[PDB]
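Given as structure tokens, the chain that follows is alone and in the form deposited in one PDB entry.
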């Protein structure tokens, strides 16, 4: 019956406020909105604008040169020809211009910085020090995925991340595509001004010894009668651990994560 998603200010958590509520949210829900974490709506709009500019005005040759040769390589564009996707990591990125690169590099850096800070709070709140220290655990291999929807329903999934940070722009018609399972119900997760949405992922669960929930979520597509005015974007930053991050295979099964492999321990690399 507790199906609401709370909001916290990162700065306030860093000051040691709302400790008990933040800890309970992590354990029972594993998601929350976050303000005051160094992200702006304005910076999201600028990053968005320049990619949409490219979608609409880039030539065929320019588009091919920054298109992912194979989608498995999670760098560059897909769907340039439902949605176009732009993906970035920490290296080996594809950029259509110097200004695009500056804008998107800076946007990636701020998202990565905010994800590290929230993850730092998740670790602190549960008394967790990862093997090799907090800092080396958070200096990792993130992935950013931006989707733009101009103009079969999948089952809810949890993320294979420490945390995932999600910014979106709303639909003009009010449709909310993002939902999570909270307290036994599906709960809408709309655009909120000056707040980012944070999911805890399975790595948060494992690294903390099972103190953090990794909630399942999904993205609905609009029905036929909600398609006018359904244009939207989402920006999803996955804070993924280093490939050699090590966890207990037993604890993972115990937590309800599908793990196919055997042994006492495995690495994130093994799993993904």
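Numbering follows the first chain given and starts at 1.
Keep in mind that the form deposited in another entry is not shown, yet the notes after this line are about it.
- In the motion between this form and the one not shown, where one rigid part swings relative to another, the hinge among 189, 240, 32, 202 is 240.
- In contrast to the form presented, in that other deposited form the C-alpha positions of residue 261 and residue 132 draw closer by 3 Å or more.
- Compared with the form shown, the residue 261-residue 131 C-alpha separation decreases in that other deposited form, the change being 3 Å or greater.
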